[PDB]
Ligand SMILES: NC(=O)c1ccc[n+]([C@@H]2O[C@H](COP(=O)([O-])OP(=O)(O)OC[C@H]3O[C@@H](n4cnc5c(N)ncnc54)[C@H](O)[C@@H]3O)[C@@H](O)[C@H]2O)c1
Ligand SMILES: NC(=O)c1ccc[n+]([C@@H]2O[C@H](COP(=O)([O-])OP(=O)(O)OC[C@H]3O[C@@H](n4cnc5c(N)ncnc54)[C@H](O)[C@@H]3O)[C@@H](O)[C@H]2O)c1
Ligand SMILES: NCC[C@H](N)C(=O)O
Ligand SMILES: NCC[C@H](N)C(=O)O
Ligand code: NA
Ligand code: NA
């Protein structure tokens, strides 16, 4: 037995061969089915993730996120949030990897990049939620934060809503000026617009900023359209929020993971008894979302390991079909299982 | 920037090139200094490890063990305890891998086997504790459980104590019959002996069994020598213990990691208020330990991530000097840090 390693090249070849649109659709579909299964009590939310805070060069966190399928395998995503990475090192803020372990023996069976996978399932989760809670004829998307996740937020939302334009803001002038180029393939025209104008004019918004703890909101408490749906995606440190309390208190709020959202999502600002049903419940039983497209709604997105397990499965199906990746004997399997030194 | 991967064959080369005694002594030395640094407040205990219980084919657990060296690197060991692995699959009960991430950026920098590393530092930890708490003239080691850990228990303790004799027991006759061959390189004469004889004659004992939850003790509460030191090494599920409560309550008890020992060690049987200074404190000031050499002592060992990070450092230093291992591009670093689709 050896570990199946998908290098960055293998992951790139999956997306090149399959195409960004079709790959994202597959992940949207697998996420939707998986969330409904949880909502039906056929599956269960992943346990709370954990992490280590890191204060230099700016405050960030490094986290571990397990999800078990009993009798089959265990998925562990390890992922760092390091918001100085782009400017200081030319690295993504979000840097991670995803491993699979056999549930029967414990052996490490697969390992792959977590960077692209994270952006895909995070965009996909917003798409699942916005399909349920945004007006089906939504045409104007607002984006606060135009970094890495904003790319897959726009892309995924453009596959489930008839988007015609994106109004976008970033506190970094260079980051918002470059977004149009990064977004061009979607065919959604991009216009830079200040947060107050985004609040007023957007049918759907995604916030996905590296705003520091305590420096929210990134979207002002002002007039919004009556049917606005917000995907609140920014999430890292306890104490980090993006939306103003007044808007949140007027919202129908659905969390992807209620216990996690109360700790790390917008739901930090909310009493636990004001939470709407979680996203999985919306997917299994749409009675909970019926009519909420026409009033203010917020999808409190923190991300959880089941989403990574599902997106990894999409990647491994394509990789197995194309015989991609390499086999590396990493674990030491001694000829004598009771002799750690039988380096066999 | 690619990930440095040490395969099973590179780990074997490290052992063959360094030698078993030298490699064990390097890990003992590194662990003693590291623990003292914790004892002096220059470093900190790793956080609580997390785990997922599995019930098939027999009860086991899969765990994640993170440790942070601020400004340098984060270590994570992922390790399974699957006690049916030897008989059913010819795999070790303990199966795992150790990953290293840059603490500044989050990047995955190194990945290696954790099977041998785990056995090495677990024996080294018992050696550190037993040098502190056993009589310096201890000649008879007892071993309850003669699987994988027993091999490095005997090896490491034979480097710090003048062992003339090892009296060993295992509930599986083939496992106790094979132990002398697995132990031959240590030079210490092995005798099979039932638990009551081991209790009566041993100067030092390590218990390291796969006993099931609630099926202890593995050593009888009977006549023990007055100066007996016990390394309680077996640890996996909540509810698993190896020592008789009456013995534990008479002993001076030091845990490697108090909150983990409270949940998973022999200290499950004790009140929180009844433990001694932890091992790190005894390394910083052996005075607290010298006075316990001539009385009944128990080192409650659960293993914690710092030991894995230290032993990994030893392996990486030896592997670098011999230019071992491969380099794999696993993490996706897009040419544009804000564009997850900029594959390269
Ligand atoms: N919910 C999930 O599942 C999930 C998944 C991945 C990442 N995230 C989180 O999403 C957030 C964004 O991640 P990313 O990879 O896009 O990071 P990124 O660094 O690529 O982009 C963040 C952008 O936000 C901008 N920004 C910072 N403060 C701002 C403010 N007050 N207003 C507007 N813009 C601001 C930065 O200039 C930067 O361009 C992070 O908190 C990350 O941890 C969430
Ligand atoms: N404390 C630490 O740092 C640390 C590190 C590694 C492993 N461990 C733990 O140590 C234990 C042993 O692991 P291993 O790798 O040697 O497993 P292994 O399966 O190689 O050996 C366990 C042995 O114990 C024997 N055994 C089971 N019940 C017994 C009993 N009642 N009396 C005597 N012998 C019995 C089995 O026959 C087997 O030979 C496990 O619980 C493991 O989780 C602890
Ligand atoms: N903090 C960044 C990690 C992100 N929340 C995720 O679910 O992957
Ligand atoms: N629970 C088995 C794992 C072992 N205690 C370790 O520290 O690696
Ligand atoms: Na959030
Ligand atoms: Na123990």
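Chains as they are written, first to last, in the numbering used here: chain A, 134 to 477; chain B, 134 to 477.
Virtual Cβ for every residue (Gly too), placed ideally from N, Cα, C.
Query: Status (buried if at least 16 other CB within 10 Å, exposed otherwise) for residue 134 of chain B; Result: exposed
Query: In DSSP terms, what residue 186 of chain B is bridged to; Result: B/194
Query: Neighbour list for residue 390 of chain A in chain B, Cβ cutoff strictly below 8 Å; Result: Within 8 Å Cβ-Cβ: nothing; residue 390 of chain A doesn't reach chain B, min ~16 Å.
Query: Residue 255 of chain A CB to nearest heavy atom of ligand 3 below 8 Å; Result: yes
Query: Cβ neighbour criterion (16 or more within 10 Å) applied to residue 99 of chain B; Result: In the structure as shown, chain B starts at 134 and stops at 477, and residue 99 of chain B therefore has no counterpart that could be examined.
Query: Outcome for residue 187 of chain A when other beta-carbon atoms lying within 10 angstroms are tallied against a minimum of 16; Result: buried
Query: Partner residues on chain E for residue 222 of chain B, Cβ-Cβ distance less than 7 Å; Result: As a matter of chain content, chain E is missing from the structure shown, whose protein chains are A and B.
Query: Under 8 Å from the C-beta of residue 215 of chain B: neighbouring residues of chain A; Result: 237, 238 and 239
Query: Where residue 139 of chain B sits in the DSSP three-state scheme; Result: strand
Query: Neighbourhood of residue 397 of chain B by C-beta, 8 Å cutoff - its chain only, sequence neighbours within 5 removed; Result: 368, 369, 370, 371, 373 and 435
Query: heavy atom of ligand 6 below 8 Å from residue 365 of chain B C-beta; Result: yes
Query: Helix, strand or coil at residue 517 of chain B according to DSSP, with G and I counted as helix; Result: In the structure as shown, chain B starts at 134 and stops at 477, and residue 517 of chain B therefore has no counterpart that could be examined.
Query: Minimum Cβ-Cβ distance from residue 160 of chain A to chain B less than 9 Å; Result: no
Query: Inside the segment 266 to 341 of chain B only - beta strand (DSSP E) runs reaching at least 3 residues; Result: 273 to 277, 298 to 302, 322 to 325 and 337 to 340
Query: Nearest candidate by alpha-carbon position, reference residue 343 of chain A, set A/214, A/412, A/162 and A/146; Result: A/214
Query: Residue 429 of chain B, DSSP secondary structure in three states; Result: coil
Query: Residues of its chain near residue 476 of chain A, where Cβ-Cβ distance is below 8 Å and the 5 sequence neighbours each way are ignored; Result: 465 and 467
Query: Close beta carbons around residue 150 of chain A, own chain, < 8 Å, minus the five adjacent residues each side; Result: 451 and 455
Query: Within-9 Å CB hit, residue 437 of chain B to chain A; Result: no
Query: 9 Å Cβ cutoff met for residue 338 of chain A and residue 256 of chain A; Result: no
Query: Neighbourhood of residue 236 of chain B by C-beta, 8 Å cutoff - its chain only, sequence neighbours within 5 removed; Result: 201, 202, 203, 204, 205, 206 and 207
Query: Distance between residue 340 of chain A and residue 366 of chain A (C-alpha atoms, nearest Å); Result: 6 Å
Query: Residue 207 of chain A: CB within 8 Å of a non-hydrogen atom of ligand 4; Result: no
Query: beta-carbon residue 342 of chain B near ligand 4 non-hydrogen atom, thresh 8 Å; Result: no
Query: Neighbour list for residue 246 of chain B in chain A, Cβ cutoff strictly below 8 Å; Result: 463, 464 and 465
Query: Residue closest to residue 300 of chain A, alpha-carbon to alpha-carbon, out of A/273, A/319 and A/173; Result: A/273
Query: DSSP three-state assignment for residue 419 of chain B, whether helix, strand or coil; Result: coil
Query: Run of the beta strand (DSSP E) containing residue 227 of chain B, from where it starts to where it stops; Result: 227 to 235
Query: Euclidean distance between Cα positions of residue 441 of chain A and residue 167 of chain A; Result: 11 Å
Query: Residue-chain proximity (residue 414 of chain A, chain B), Cβ-Cβ < 9 Å; Result: no
Query: Start-to-end residues for the beta strand (DSSP E) that takes in residue 385 of chain B; Result: 385 to 388
Query: For residue 410 of chain B and residue 302 of chain B, the rounded distance between their alpha carbons; Result: 31 Å
Query: Cutoff 8 Å; reference residue 184 of chain A; Cβ partners in own chain excluding five residues on either side; Result: 194, 195, 196 and 197
Query: Whole-angstrom C-beta distance between residue 294 of chain A and residue 333 of chain A, which should lie under 8 Å; Result: That pair is no contact at about 19 Å.
Query: Beta-carbon gap between residue 426 of chain A and residue 164 of chain A smaller than 9 Å; Result: no
Query: Close-in-space but distant-in-sequence residues of the same chain around residue 138 of chain A (CB under 8 Å, 5 per side omitted); Result: 243, 244, 245, 458, 459, 460 and 461
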